[PDB]
Amino acid sequence: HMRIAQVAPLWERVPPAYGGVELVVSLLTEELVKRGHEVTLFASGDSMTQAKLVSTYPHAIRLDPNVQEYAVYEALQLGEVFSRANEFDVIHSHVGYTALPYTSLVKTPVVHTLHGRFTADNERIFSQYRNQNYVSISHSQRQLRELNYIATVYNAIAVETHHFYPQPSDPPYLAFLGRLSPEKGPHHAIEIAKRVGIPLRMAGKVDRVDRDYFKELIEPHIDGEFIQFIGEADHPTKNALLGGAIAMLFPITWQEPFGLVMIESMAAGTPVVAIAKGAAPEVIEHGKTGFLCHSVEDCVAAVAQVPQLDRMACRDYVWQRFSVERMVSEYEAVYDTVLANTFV
Amino acid sequence: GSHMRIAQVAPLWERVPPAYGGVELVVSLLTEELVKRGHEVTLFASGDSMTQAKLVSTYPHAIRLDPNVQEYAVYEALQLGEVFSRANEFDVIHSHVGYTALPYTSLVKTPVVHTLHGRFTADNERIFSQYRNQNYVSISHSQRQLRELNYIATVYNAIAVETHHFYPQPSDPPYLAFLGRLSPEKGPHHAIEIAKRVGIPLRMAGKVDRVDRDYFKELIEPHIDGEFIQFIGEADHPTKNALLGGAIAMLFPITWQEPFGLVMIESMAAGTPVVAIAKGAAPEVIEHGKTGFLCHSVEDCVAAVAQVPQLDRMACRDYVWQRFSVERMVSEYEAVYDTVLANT
Ligand SMILES: O=c1ccn([C@@H]2O[C@H](COP(=O)(O)OP(=O)(O)O)[C@@H](O)[C@H]2O)c(=O)[nH]1
Ligand SMILES: O=c1ccn([C@@H]2O[C@H](COP(=O)(O)OP(=O)(O)O)[C@@H](O)[C@H]2O)c(=O)[nH]1
Ligand SMILES: OC[C@H]1O[C@](CO)(O[C@H]2O[C@H](CO)[C@@H](O)[C@H](O)[C@H]2O)[C@@H](O)[C@@H]1O
Ligand SMILES: OC[C@H]1O[C@](CO)(O[C@H]2O[C@H](CO)[C@@H](O)[C@H](O)[C@H]2O)[C@@H](O)[C@@H]1O
């Protein structure tokens with residue numbers, strides 16, 4: 001019953017393959033409008049939404065050879081958001097710190113959902129707008145504390161769209177999903193699959209800056225027989241790619257804000273053996289829906305402890321803490337708190 | 001009428017500059033002069049910048065040189081956030097950052113004067129036409145490639161000629177010169193081929209950065225390991241002055257729509273003609289047959305070097321004083337402010 005604006009990034013599509021935030025903004029927007037609200041999506045033009053689409057570019061900036069300066073369309077989008085700031089009751093910004101200086105100029109309250117790691121550089125712009133409205137996707141992400149965190153909403157997925165696999169494929173294999181960046185540590189997943197004797201079926205995208213790390217540590221160890229690649233899969237693939245696997249290796253070497261590939265694996269009914277970094281303990285129920293490992297050798301030992309877990313429970317676990325009914329209804333109270341706590 | 005509150009917004013890649021510094025040098029002479037005429041200037045640059053106006057530092061070093069910064073876009077939104085939060089304290093804002101400040105102008109009441117320093121790429125042509133009805137000041141006539149914009153004026157950049165020692169006849173062992181970054185846009189590869197057909201050695205001096213590091217190690221690197229081509233890249237003011245002053249003719253072979261190119265008027269300041277390719281804003285600075293030459297190919301330059309000792313080298317210095325003096329530039333910009341302050 002409010003005028004909401006969801007400012008999504010332009011790198012991807014509301015998303016056929018890669019894209020985490022755009023998937024979260026989708027399940028949020030596609031359900032907010034269903035509850036008699038009034039949302040105006042701010043994303044790309046190829047987006048298939050059920051709200052008033054307002055875009056500055058039709059295609060996605062990532063999969064496009066004709067684009068070169070993304071910061072142009074980054075500033076074009078915000079130029080249309082805060083120009084229409086009088087037509088909105090609350091602005092839900094997902095673009096990150098690029099909207100902080102614009103918030104101190106308009107009148108409409110703006111909420112910022114954090115989606116990345118705080119680095120030694122971006123922590124300065126957050127300290128200059130510490131009292132702004134923030135929303136963390138995990139308690140582990142809340143690292144600055146000095147900011148003004150409104151609440152903590154766990155990212156969710158449409159569980160019914162993920163087909164559930166009870167028993168894995170008869171010839172077992174491991175799994176890896178996500179970008180091939182050092183932030184996800186696929187090189188550990190390569191060794192873990194080889195220290196146990198179970199093949200690995202990887203899947204993800206390789207953008208640049210990852211060109212150096214990929215073809216120096218990941219490409220040398222591809223075979224197609226024991227190590228497959230499948231560069232960037234869609235939804236029906238990762239649905240069955242993780243379903244037929246015994247466990248989704250998630251050996252991160254980076255402060256993971258959340259990790260939607262963990263909750264996606266478990267919907268298909270697959271426990272995630274990940275490193276207890278970032279929001280890994282906040283998602284993985286130890287001994288029930290995965291194993292919170294603390295070393296590379298801990299994952300190898302946990303692999304033998306994977307088949308004894310209940311894969312039918314892993315899906316019912318996502319239906320509890322990681323449901324869209326929990327996430328959207330938890331944002332519906334965040335917007336009211338921001339609107340009720342304004343002037344003093 | 002002659003007591004304004006100017007707001008100089010400068011880039012952060014280099015300080016207001018030790019060696020390489022294009023836009024940072026123009027802002028320097030413009031700031032130091034306007035303060036010397038009585039205006040209340042407010043500079044938004046780095047921290048080590050040396051000015052007399054009340055500067056507002058957002059990071060105490062040049063980001064290009066400081067390696068601790070991995071995201072330049074962080075301090076971008078910080079500087080622009082501090083400018084337009086104090087816009088009420090200014091009479092007019094002079095932006096030098098580019099398209100990043102266009103959506104900000106459509107949010108306050110202080111008029112902003114945008115001085116363009118870059119080419120209209122296939123991407124920024126979308127944002128510049130969006131904020132078409134604003135206040136733009138070009139730096140050359142050839143730089144105007146949209147035409148349909150709202151150009152307030154065209155103020156050619158200027159340098160302090162008195163700070164450039166005049167070398168009459170150069171060094172008796174003759175050599176050439178190349179100034180500017182070693183980018184395929186400014187064409188450093190063309191300068192060596194002319195140095196072979198003319199047979200005179202070429203002494204270079206520039207800057208190499210990412211995205212172009214592959215080009216440096218490919219085309220330019222296998223030709224400098226010798227006395228014929230002495231590199232010593234990135235020279236400060238007292239070093240690059242003797243380089244151009246001791247050069248019989250500066251090689252400026254460009255293959256890109258140059259908006260201006262301060263390296264040209266710096267060569268002629270110390271008394272040295274420039275042989276540039278007929279492209280961009282080269283005919284607007286170089287006078288054919290008087291203080292240099294304009295060529296349509298590479299062999300046309302080889303025939304031009306044979307007609308350089310006949311060129312007047314003293315008239316090169318007096319030509320910069322004609323239309324590239326700091327007193328002229330600042331007077332034009334000071335006259336631009338009265339145009340913007342009268343339209344409101
Ligand atoms: O082949 C792939 C690789 C990635 N993804 C999607 O990319 C998102 C990445 O999830 P996550 O948040 O955990 O990784 P990050 O955001 O750090 O890139 C997931 O939702 C996946 O659905 C996908 O669909 N197919
Ligand atoms: O080794 C160098 C190379 C360049 N410059 C300075 O960088 C400026 C060149 O500006 P230009 O417009 O030609 O390059 P751009 O700004 O387009 O990058 C000149 O004033 C030079 O004084 C320098 O000092 N040393
Ligand atoms: O760590 C940088 C990382 O962030 C980007 C965003 O451009 O990737 C994101 O892609 C989508 C949203 O664009 C989300 O899944 C999530 O925010 C990130 O994975 C990219 O620079 C880099 O891969
Ligand atoms: O505004 C960013 C601008 O800087 C880049 C960074 O890669 O490089 C330019 O930096 C100097 C700044 O003085 C420019 O004079 C010069 O054109 C570039 O080397 C450029 O791509 C970005 O557009």
# chains A, B, ... in the order shown; residues from 1 in each chain; ligands from 1
>>> residues_near_ligand(ligand="ligand 1", cutoff="8 Å", atoms="only C-alpha atoms and all ligand atoms", output="ChimeraX atom specification")
/A:15-21,23,115-116,177-179,183-184,203-205,230-235,237-238,256-262,264
>>> write_last_selection(atoms="N, CA and C atoms", output="mmCIF file, in the first residue's frame")
data_model
loop_
_atom_site.group_PDB
_atom_site.id
_atom_site.type_symbol
_atom_site.label_atom_id
_atom_site.label_comp_id
_atom_site.auth_asym_id
_atom_site.auth_seq_id
_atom_site.Cartn_x
_atom_site.Cartn_y
_atom_site.Cartn_z
ATOM 1 N N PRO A 15 17.279 -13.247 -13.492
ATOM 2 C CA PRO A 15 18.553 -13.412 -14.174
ATOM 3 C C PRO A 15 18.631 -14.798 -14.811
ATOM 4 N N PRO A 16 18.919 -14.893 -16.117
ATOM 5 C CA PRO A 16 18.927 -16.183 -16.783
ATOM 6 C C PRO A 16 20.014 -17.105 -16.233
ATOM 7 N N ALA A 17 21.159 -16.553 -15.842
ATOM 8 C CA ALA A 17 22.298 -17.364 -15.371
ATOM 9 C C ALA A 17 22.963 -16.697 -14.163
ATOM 10 N N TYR A 18 24.125 -16.051 -14.331
ATOM 11 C CA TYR A 18 24.716 -15.403 -13.170
ATOM 12 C C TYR A 18 23.888 -14.196 -12.741
ATOM 13 N N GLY A 19 23.985 -13.862 -11.458
ATOM 14 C CA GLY A 19 23.251 -12.740 -10.911
ATOM 15 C C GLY A 19 22.565 -13.079 -9.606
ATOM 16 N N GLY A 20 23.100 -12.569 -8.500
ATOM 17 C CA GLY A 20 22.532 -12.838 -7.194
ATOM 18 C C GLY A 20 21.586 -11.754 -6.721
ATOM 19 N N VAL A 21 22.047 -10.502 -6.750
ATOM 20 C CA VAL A 21 21.217 -9.387 -6.298
ATOM 21 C C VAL A 21 19.968 -9.267 -7.163
ATOM 22 N N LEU A 23 18.410 -11.474 -8.664
ATOM 23 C CA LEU A 23 17.457 -12.514 -8.292
ATOM 24 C C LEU A 23 16.722 -12.147 -7.009
ATOM 25 N N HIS A 115 25.128 -5.695 0.069
ATOM 26 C CA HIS A 115 25.307 -6.941 -0.661
ATOM 27 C C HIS A 115 26.764 -7.334 -0.868
ATOM 28 N N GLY A 116 27.720 -6.558 -0.356
ATOM 29 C CA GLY A 116 29.126 -6.826 -0.577
ATOM 30 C C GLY A 116 29.933 -6.728 0.707
ATOM 31 N N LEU A 177 29.605 -24.195 -7.622
ATOM 32 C CA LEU A 177 28.770 -23.201 -8.277
ATOM 33 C C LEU A 177 29.207 -21.810 -7.841
ATOM 34 N N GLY A 178 29.177 -20.872 -8.777
ATOM 35 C CA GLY A 178 29.580 -19.503 -8.531
ATOM 36 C C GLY A 178 30.732 -19.087 -9.426
ATOM 37 N N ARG A 179 31.093 -17.812 -9.303
ATOM 38 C CA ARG A 179 32.182 -17.261 -10.095
ATOM 39 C C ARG A 179 33.490 -17.980 -9.783
ATOM 40 N N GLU A 183 37.751 -15.351 -4.514
ATOM 41 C CA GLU A 183 36.822 -15.163 -3.406
ATOM 42 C C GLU A 183 35.988 -16.409 -3.131
ATOM 43 N N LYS A 184 35.903 -17.334 -4.088
ATOM 44 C CA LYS A 184 35.194 -18.590 -3.897
ATOM 45 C C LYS A 184 36.122 -19.792 -3.791
ATOM 46 N N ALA A 203 31.078 -25.221 -12.325
ATOM 47 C CA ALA A 203 30.144 -24.382 -13.109
ATOM 48 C C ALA A 203 30.214 -22.934 -12.632
ATOM 49 N N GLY A 204 30.443 -22.000 -13.546
ATOM 50 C CA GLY A 204 30.448 -20.591 -13.215
ATOM 51 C C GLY A 204 30.963 -19.764 -14.376
ATOM 52 N N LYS A 205 31.115 -18.472 -14.105
ATOM 53 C CA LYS A 205 31.574 -17.499 -15.080
ATOM 54 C C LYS A 205 32.990 -17.050 -14.747
ATOM 55 N N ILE A 230 31.754 -26.509 -17.724
ATOM 56 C CA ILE A 230 30.495 -25.853 -18.089
ATOM 57 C C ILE A 230 30.474 -24.381 -17.675
ATOM 58 N N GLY A 231 30.959 -23.515 -18.559
ATOM 59 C CA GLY A 231 31.028 -22.097 -18.265
ATOM 60 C C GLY A 231 29.680 -21.412 -18.169
ATOM 61 N N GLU A 232 29.294 -21.028 -16.949
ATOM 62 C CA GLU A 232 28.062 -20.294 -16.671
ATOM 63 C C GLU A 232 26.819 -21.056 -17.118
ATOM 64 N N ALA A 233 26.147 -21.706 -16.176
ATOM 65 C CA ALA A 233 24.937 -22.466 -16.449
ATOM 66 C C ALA A 233 23.698 -21.630 -16.148
ATOM 67 N N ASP A 234 22.547 -22.150 -16.558
ATOM 68 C CA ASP A 234 21.271 -21.497 -16.321
ATOM 69 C C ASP A 234 20.624 -22.091 -15.068
ATOM 70 N N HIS A 235 19.305 -21.965 -14.956
ATOM 71 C CA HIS A 235 18.598 -22.496 -13.796
ATOM 72 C C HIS A 235 18.379 -24.006 -13.901
ATOM 73 N N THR A 237 20.083 -26.231 -15.268
ATOM 74 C CA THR A 237 21.333 -26.975 -15.153
ATOM 75 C C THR A 237 21.780 -27.085 -13.700
ATOM 76 N N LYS A 238 22.011 -25.943 -13.048
ATOM 77 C CA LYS A 238 22.391 -25.944 -11.640
ATOM 78 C C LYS A 238 21.358 -26.644 -10.768
ATOM 79 N N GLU A 256 32.284 -13.937 3.097
ATOM 80 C CA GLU A 256 31.053 -14.078 2.329
ATOM 81 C C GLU A 256 29.918 -13.319 3.006
ATOM 82 N N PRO A 257 29.297 -12.340 2.342
ATOM 83 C CA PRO A 257 28.149 -11.663 2.965
ATOM 84 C C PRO A 257 26.980 -12.596 3.215
ATOM 85 N N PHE A 258 26.643 -13.444 2.244
ATOM 86 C CA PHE A 258 25.602 -14.445 2.431
ATOM 87 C C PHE A 258 25.987 -15.743 1.733
ATOM 88 N N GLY A 259 25.735 -15.820 0.429
ATOM 89 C CA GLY A 259 25.995 -17.029 -0.325
ATOM 90 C C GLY A 259 24.723 -17.696 -0.809
ATOM 91 N N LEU A 260 24.126 -17.196 -1.885
ATOM 92 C CA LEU A 260 22.819 -17.758 -2.321
ATOM 93 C C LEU A 260 23.037 -19.143 -2.925
ATOM 94 N N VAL A 261 24.260 -19.453 -3.331
ATOM 95 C CA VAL A 261 24.539 -20.759 -3.984
ATOM 96 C C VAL A 261 24.496 -21.847 -2.915
ATOM 97 N N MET A 262 24.590 -21.471 -1.645
ATOM 98 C CA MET A 262 24.488 -22.457 -0.554
ATOM 99 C C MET A 262 23.019 -22.824 -0.382
ATOM 100 N N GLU A 264 20.650 -22.390 -2.546
ATOM 101 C CA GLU A 264 20.170 -22.994 -3.807
ATOM 102 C C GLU A 264 20.506 -24.479 -3.808
#
>>> interface_residues(of="chain A", to="chain B", cutoff="7 Å", atoms="only C-alpha atoms", output="ChimeraX atom specification")
/A:67-69,72,75-76,79,98,101,121-122,125
>>> write_last_selection(atoms="N, CA and C atoms", output="PDB file, in the first residue's frame")
ATOM      1  N   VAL A  67      28.962  -2.004 -25.098  1.00  0.00           N
ATOM      2  CA  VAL A  67      29.089  -1.118 -23.950  1.00  0.00           C
ATOM      3  C   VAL A  67      30.510  -1.199 -23.415  1.00  0.00           C
ATOM      4  N   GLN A  68      30.985  -0.075 -22.884  1.00  0.00           N
ATOM      5  CA  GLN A  68      32.332   0.015 -22.327  1.00  0.00           C
ATOM      6  C   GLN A  68      32.415   0.801 -21.028  1.00  0.00           C
ATOM      7  N   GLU A  69      31.534   1.770 -20.790  1.00  0.00           N
ATOM      8  CA  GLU A  69      31.549   2.593 -19.583  1.00  0.00           C
ATOM      9  C   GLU A  69      30.256   2.327 -18.817  1.00  0.00           C
ATOM     10  N   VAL A  72      28.559   5.288 -16.688  1.00  0.00           N
ATOM     11  CA  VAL A  72      27.643   6.213 -17.349  1.00  0.00           C
ATOM     12  C   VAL A  72      26.199   5.844 -17.030  1.00  0.00           C
ATOM     13  N   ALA A  75      25.240   6.281 -13.310  1.00  0.00           N
ATOM     14  CA  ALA A  75      24.799   7.629 -12.979  1.00  0.00           C
ATOM     15  C   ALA A  75      23.510   8.015 -13.689  1.00  0.00           C
ATOM     16  N   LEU A  76      23.212   7.396 -14.834  1.00  0.00           N
ATOM     17  CA  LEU A  76      21.950   7.668 -15.514  1.00  0.00           C
ATOM     18  C   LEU A  76      20.769   7.141 -14.710  1.00  0.00           C
ATOM     19  N   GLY A  79      20.161   9.244 -11.698  1.00  0.00           N
ATOM     20  CA  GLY A  79      19.633  10.528 -12.123  1.00  0.00           C
ATOM     21  C   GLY A  79      18.130  10.514 -12.318  1.00  0.00           C
ATOM     22  N   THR A  98      27.080   3.806  -4.163  1.00  0.00           N
ATOM     23  CA  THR A  98      26.969   4.851  -5.173  1.00  0.00           C
ATOM     24  C   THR A  98      25.770   5.764  -4.954  1.00  0.00           C
ATOM     25  N   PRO A 101      25.744   9.699  -1.476  1.00  0.00           N
ATOM     26  CA  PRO A 101      25.682  11.169  -1.568  1.00  0.00           C
ATOM     27  C   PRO A 101      24.346  11.690  -2.068  1.00  0.00           C
ATOM     28  N   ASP A 121      38.783   0.598   1.658  1.00  0.00           N
ATOM     29  CA  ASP A 121      38.491   1.815   0.913  1.00  0.00           C
ATOM     30  C   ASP A 121      37.038   2.258   1.053  1.00  0.00           C
ATOM     31  N   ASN A 122      36.085   1.363   0.785  1.00  0.00           N
ATOM     32  CA  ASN A 122      34.674   1.730   0.853  1.00  0.00           C
ATOM     33  C   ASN A 122      34.196   1.995   2.273  1.00  0.00           C
ATOM     34  N   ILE A 125      33.341   5.851   2.847  1.00  0.00           N
ATOM     35  CA  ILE A 125      32.080   6.447   2.417  1.00  0.00           C
ATOM     36  C   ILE A 125      30.936   5.988   3.312  1.00  0.00           C
TER      37      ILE A 125
END
>>> select_by_dssp(residues="segment 19-100 of chain B", states="strand (DSSP E or B)", output="list in words")
residues 42, 43, 44, 92, 93, 94 and 95 of chain B
>>> write_last_selection(atoms="C-alpha atoms", output="tab-separated table (two decimals), in the first residue's frame")
chain	number	residue	atom	x	y	z
B	42	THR	CA	37.06	26.60	-2.89
B	43	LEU	CA	39.14	23.72	-4.24
B	44	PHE	CA	38.04	20.08	-3.91
B	92	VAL	CA	28.86	28.91	-9.14
B	93	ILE	CA	30.48	25.47	-9.28
B	94	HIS	CA	33.19	24.71	-11.86
B	95	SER	CA	33.28	20.95	-12.42
>>> atom_distance(atom1="atom CA of residue 152 of chain B", atom2="atom 12 (O, counted along the ligand's line) of ligand 2")
21.2 Å
>>> residues_around(residues="residue 46 of chain A", least_positions_apart="3", cutoff="9 Å", atoms="only C-alpha atoms", output="MDAnalysis selection string")
chainID A and resid 13:14 43 57:60
>>> residues_near_ligand(ligand="ligand 4", cutoff="6 Å", atoms="only C-alpha atoms and all ligand atoms", output="ChimeraX atom specification")
/B:13,21-23
>>> write_last_selection(atoms="N, CA, C and O atoms", output="CSV table (one decimal), in the first residue's frame")
chain,number,residue,atom,x,y,z
B,13,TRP,N,43.1,11.7,-9.4
B,13,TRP,CA,44.1,10.8,-9.9
B,13,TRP,C,45.5,11.4,-9.7
B,13,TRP,O,46.5,10.7,-9.4
B,21,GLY,N,50.2,15.3,-15.5
B,21,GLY,CA,49.0,16.0,-15.0
B,21,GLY,C,48.4,16.9,-16.0
B,21,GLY,O,48.8,18.1,-16.2
B,22,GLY,N,47.3,16.4,-16.7
B,22,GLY,CA,46.6,17.2,-17.7
B,22,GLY,C,45.6,18.2,-17.1
B,22,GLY,O,45.9,19.4,-17.0
B,23,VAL,N,44.5,17.6,-16.7
B,23,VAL,CA,43.4,18.5,-16.1
B,23,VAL,C,43.8,19.1,-14.8
B,23,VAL,O,43.4,20.2,-14.4
>>> closest_residue(among="B:307, B:291, B:31, B:183", to="ligand 2", atoms="only C-alpha atoms and all ligand atoms")
B:183
>>> residues_near_ligand(ligand="ligand 2", cutoff="10 Å", atoms="only C-alpha atoms and all ligand atoms", output="PyMOL selection string")
chain B and resi 17-26+117-119+157-159+178-183+185-186+204-208+232-241+252+257-267
>>> write_last_selection(atoms="N, CA and C atoms", output="short mmCIF file (atom, residue, chain, number, x, y, z; two decimals), in the first residue's frame")
data_model
loop_
_atom_site.label_atom_id
_atom_site.label_comp_id
_atom_site.auth_asym_id
_atom_site.auth_seq_id
_atom_site.Cartn_x
_atom_site.Cartn_y
_atom_site.Cartn_z
N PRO B 17 50.61 19.40 -10.16
CA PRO B 17 51.01 18.02 -10.37
C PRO B 17 52.52 17.90 -10.55
N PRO B 18 53.19 16.87 -10.00
CA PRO B 18 54.65 16.79 -10.07
C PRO B 18 55.12 16.53 -11.50
N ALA B 19 54.64 15.46 -12.15
CA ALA B 19 54.96 15.15 -13.53
C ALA B 19 53.70 15.10 -14.38
N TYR B 20 53.20 13.90 -14.65
CA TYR B 20 52.00 13.75 -15.47
C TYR B 20 50.81 14.40 -14.79
N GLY B 21 50.16 15.32 -15.51
CA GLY B 21 49.01 16.02 -14.98
C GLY B 21 48.36 16.94 -15.99
N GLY B 22 47.33 16.45 -16.67
CA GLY B 22 46.64 17.24 -17.68
C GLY B 22 45.62 18.19 -17.09
N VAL B 23 44.47 17.64 -16.68
CA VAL B 23 43.41 18.48 -16.13
C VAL B 23 43.84 19.11 -14.81
N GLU B 24 44.75 18.46 -14.08
CA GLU B 24 45.18 18.97 -12.79
C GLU B 24 46.02 20.23 -12.93
N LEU B 25 46.70 20.40 -14.07
CA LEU B 25 47.49 21.60 -14.29
C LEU B 25 46.61 22.79 -14.65
N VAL B 26 45.58 22.56 -15.46
CA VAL B 26 44.67 23.64 -15.85
C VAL B 26 43.93 24.17 -14.62
N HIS B 117 36.77 17.60 -20.74
CA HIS B 117 38.17 17.28 -20.97
C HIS B 117 38.38 15.98 -21.73
N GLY B 118 37.32 15.27 -22.11
CA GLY B 118 37.45 13.98 -22.75
C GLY B 118 36.63 13.89 -24.02
N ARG B 119 36.85 12.79 -24.74
CA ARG B 119 36.14 12.51 -25.97
C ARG B 119 34.74 12.00 -25.68
N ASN B 157 42.87 25.78 -23.22
CA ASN B 157 43.73 25.66 -22.06
C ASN B 157 45.00 26.48 -22.25
N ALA B 158 45.64 26.81 -21.13
CA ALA B 158 46.82 27.65 -21.14
C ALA B 158 47.79 27.19 -20.07
N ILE B 159 49.07 27.48 -20.29
CA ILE B 159 50.13 27.13 -19.36
C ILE B 159 50.89 28.40 -18.97
N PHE B 178 59.25 12.83 -27.43
CA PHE B 178 57.87 12.36 -27.33
C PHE B 178 57.39 12.61 -25.91
N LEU B 179 56.25 13.29 -25.78
CA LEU B 179 55.68 13.60 -24.48
C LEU B 179 54.23 13.15 -24.44
N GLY B 180 53.77 12.78 -23.25
CA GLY B 180 52.45 12.24 -23.05
C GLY B 180 52.50 10.75 -22.73
N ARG B 181 51.35 10.25 -22.27
CA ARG B 181 51.26 8.85 -21.89
C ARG B 181 51.46 7.94 -23.10
N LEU B 182 52.05 6.77 -22.85
CA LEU B 182 52.30 5.79 -23.91
C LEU B 182 51.04 4.96 -24.13
N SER B 183 50.05 5.60 -24.75
CA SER B 183 48.78 4.99 -25.07
C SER B 183 48.58 4.94 -26.57
N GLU B 185 46.19 5.76 -28.17
CA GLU B 185 45.48 6.96 -28.60
C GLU B 185 46.45 8.04 -29.03
N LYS B 186 47.44 8.36 -28.19
CA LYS B 186 48.41 9.39 -28.51
C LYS B 186 49.53 8.90 -29.42
N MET B 204 62.34 9.61 -25.43
CA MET B 204 60.91 9.61 -25.00
C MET B 204 60.78 10.03 -23.53
N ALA B 205 59.55 10.07 -23.02
CA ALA B 205 59.25 10.42 -21.61
C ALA B 205 57.72 10.45 -21.48
N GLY B 206 57.14 9.43 -20.85
CA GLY B 206 55.71 9.37 -20.67
C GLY B 206 55.31 8.51 -19.49
N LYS B 207 54.04 8.12 -19.49
CA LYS B 207 53.44 7.34 -18.42
C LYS B 207 52.73 6.13 -19.01
N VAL B 208 52.88 4.98 -18.35
CA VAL B 208 52.24 3.74 -18.76
C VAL B 208 51.41 3.23 -17.59
N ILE B 232 63.72 6.97 -19.90
CA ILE B 232 63.48 7.74 -18.67
C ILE B 232 62.05 8.28 -18.66
N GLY B 233 61.10 7.42 -18.32
CA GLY B 233 59.70 7.79 -18.41
C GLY B 233 59.23 8.64 -17.24
N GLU B 234 58.18 9.42 -17.50
CA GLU B 234 57.57 10.31 -16.53
C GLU B 234 58.58 11.29 -15.95
N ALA B 235 58.72 12.45 -16.58
CA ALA B 235 59.66 13.48 -16.15
C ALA B 235 58.90 14.64 -15.51
N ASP B 236 59.50 15.24 -14.48
CA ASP B 236 58.89 16.36 -13.79
C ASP B 236 59.02 17.62 -14.65
N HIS B 237 58.74 18.78 -14.05
CA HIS B 237 58.80 20.03 -14.81
C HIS B 237 60.23 20.39 -15.22
N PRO B 238 61.22 20.43 -14.32
CA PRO B 238 62.58 20.80 -14.77
C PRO B 238 63.22 19.79 -15.71
N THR B 239 62.73 18.55 -15.76
CA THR B 239 63.32 17.54 -16.62
C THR B 239 62.70 17.53 -18.01
N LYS B 240 61.36 17.50 -18.09
CA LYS B 240 60.70 17.51 -19.39
C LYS B 240 60.88 18.84 -20.12
N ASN B 241 61.24 19.90 -19.40
CA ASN B 241 61.49 21.18 -20.05
C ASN B 241 62.75 21.13 -20.90
N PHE B 252 54.52 14.44 -32.20
CA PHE B 252 53.19 14.27 -31.59
C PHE B 252 52.26 13.54 -32.55
N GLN B 257 40.87 11.32 -31.41
CA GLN B 257 40.25 12.65 -31.35
C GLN B 257 40.72 13.40 -30.11
N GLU B 258 41.85 14.08 -30.22
CA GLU B 258 42.43 14.78 -29.07
C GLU B 258 41.58 15.99 -28.71
N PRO B 259 41.17 16.13 -27.44
CA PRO B 259 40.44 17.35 -27.06
C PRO B 259 41.34 18.58 -27.05
N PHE B 260 42.58 18.43 -26.60
CA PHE B 260 43.54 19.53 -26.65
C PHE B 260 44.96 18.99 -26.76
N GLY B 261 45.53 18.54 -25.64
CA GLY B 261 46.90 18.08 -25.63
C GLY B 261 47.86 19.16 -25.19
N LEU B 262 48.01 19.33 -23.87
CA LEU B 262 48.88 20.37 -23.33
C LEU B 262 50.35 20.14 -23.68
N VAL B 263 50.69 18.97 -24.19
CA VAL B 263 52.12 18.68 -24.46
C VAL B 263 52.57 19.55 -25.63
N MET B 264 51.63 19.98 -26.47
CA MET B 264 51.96 20.76 -27.68
C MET B 264 52.41 22.15 -27.28
N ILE B 265 51.58 22.87 -26.52
CA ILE B 265 51.89 24.28 -26.13
C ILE B 265 53.06 24.32 -25.14
N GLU B 266 53.42 23.21 -24.54
CA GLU B 266 54.59 23.18 -23.63
C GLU B 266 55.86 23.10 -24.46
N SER B 267 55.82 22.40 -25.59
CA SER B 267 57.00 22.27 -26.48
C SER B 267 57.32 23.64 -27.04
#
>>> closest_residue(among="A:333, A:270, A:36, A:338", to="residue 308 of chain A", atoms="only C-alpha atoms")
A:270
>>> residues_around(residues="residue 219 of chain B", least_positions_apart="5", cutoff="12 Å", atoms="only C-alpha atoms", output="PyMOL selection string")
chain B and resi 182-184+187-193+212-214+224
>>> atom_distance(atom1="atom CA of residue 202 of chain A", atom2="atom CA of residue 114 of chain A")
27.9 Å
>>> atom_distance(atom1="atom CA of residue 113 of chain B", atom2="atom CA of residue 64 of chain B")
25.7 Å
>>> residues_around(residues="segment 132-145 of chain A", least_positions_apart="4", cutoff="6 Å", atoms="only C-alpha atoms", output="VMD selection string")
chain A and resid 111 to 114 149 to 154 257 278 to 279
